[PDB]
């Protein structure tokens, strides 16, 4: 009869073992409590499935040709307009809530479980942003150009910027009135490293890892060379300490 096929988003689709007279395969999936069905001209679990919720909302599940991606959509009762969209591929999900054809929320859950949460989003792409890391969260804002997450400590502001393409840059600004103590920093995109300087001496490297972690390493008292080994930040307080 049918074949079960694993899907991204922790789902399953049942596909018929052979095709109908039109060459097409049956699809059935259950999503939470909802039974969806469609047909596909591929044999491998890919295609479209649709369903209806008790509140009349239309639901569509689209499985990409290689099963590398699923898109789970909910529409108004007529199917005309999006209400919710969830795309899962390769460990991660992006979930969007829509009102009036404007995305008012977007939660990206990464494969490591860290999340970027965008809320209260407006027509211009502005809203609040939160990155939820293992151990701590970073708060900030969203514009159309970038996400900016901020950590403040004393007169120092650390900003972690995430481009629309998903790329991370970081900067530090300090309003300190002295110069024995004022922090400045430079970003290396090469190595994803912010090197912090005080009184013409490097004091620390803050590495923003591909694993969505932050490490901190100190320099020698010359501020010429790194010492010890880098230490993974596991709490906001430790980012703050790096900025002291």
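Positions refer to the first chain, counted from 1.
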Going by the entry, of stretches 134-142 and 167-175 the one with greater average Cα B-factor is 167-175
Mean temperature factor over C-alpha atoms, higher-scoring stretch between 230-238 and 13-21: 13-21
From 98, 107, 158, 129, residue of greatest CA B-factor: 98
Between 71, 114, 90, 148, which one tops the list for Cα B-factor in this entry? 90
Tell me, lowest, middle or highest third: where does the Cα B factor of residue 86 rank within its chain? middle
The third of the chain into which the C-alpha temperature factor of residue 200 falls is the middle
By the record's CA B-factor, is residue 192 among the lowest, middle or highest third of residues in the chain? middle
Binned into thirds over the chain's modelled residues, the C-alpha B-factor of residue 153 lands in the lowest
Please rank the C-alpha B-factors of the chain's modelled residues and tell me whether residue 162 sits in the lowest, middle or highest third. middle
